[PDB]
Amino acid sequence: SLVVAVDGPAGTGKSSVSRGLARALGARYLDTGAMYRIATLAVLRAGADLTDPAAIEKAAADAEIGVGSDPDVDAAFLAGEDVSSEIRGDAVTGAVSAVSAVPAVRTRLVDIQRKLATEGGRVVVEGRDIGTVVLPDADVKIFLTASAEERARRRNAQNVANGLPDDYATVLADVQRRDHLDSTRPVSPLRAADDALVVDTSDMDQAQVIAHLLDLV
């Protein structure tokens, strides 16, 4: 019945680590970020006024959101359609902060996440405040951190690996800017639970992180 929480800022190796843990543990994998991104895609498709929280709420409420629970596959669904690729595109990336900010959007998705966490057997749940807000009684809580530079290196290498432009300076500026806005305009708690393992992954390979964590479970 193990519930595992994996939190931290983007580019720390968080998704690779969560899927790796889930793969190794024979657990379901719940990418909560993807769920916000799918909601965001529904909001964009609806034409909902992004300055109107009630319009955003309505469009996202109406969305039939599915995330694949299999760590070995990239699967995101909106009303049956495979949107895995699109939810990682520029439009969704740009809008997801606005959609995620709306309290009724979070309330809905948090409740779904809590229910999915008890569906049966093992589950690794990835996010920003899984350990502190969504699943405070999770059995294992992990918070991953790394320097801004290493987070940018990773995120830029991922862009390049996706045929996207190689622009480390721009990605670092973005990581820095989002760090700043997390500290002045956060939309949720963002720090490690007091009962979380805190891992600086700056000089470790994702496989080493997964392996060290497996040794502790």
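Sequential numbering from 1, following the sequence displayed.
- Between 151-159 and 43-51, it is 151-159 that carries the larger average Cα temperature factor according to the deposited entry.
- When the mean C-alpha temperature factors of 121-129 and 78-86 are read from the deposited coordinates, 78-86 comes out higher.
- Highest C-alpha temperature factor among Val73, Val140, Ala95, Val110 per the entry: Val73.
- In this structure the maximum Cα B-factor among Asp167, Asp174, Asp182, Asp31 is found at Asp167.
- Sort the modelled residues of the chain by CA B factor and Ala207 lands in the middle third.
- Among all modelled residues in its chain, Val217 ranks in the highest third by Cα B-factor.
- Ranked within its chain, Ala5 lands in the lowest third, by CA B factor from the PDB record.
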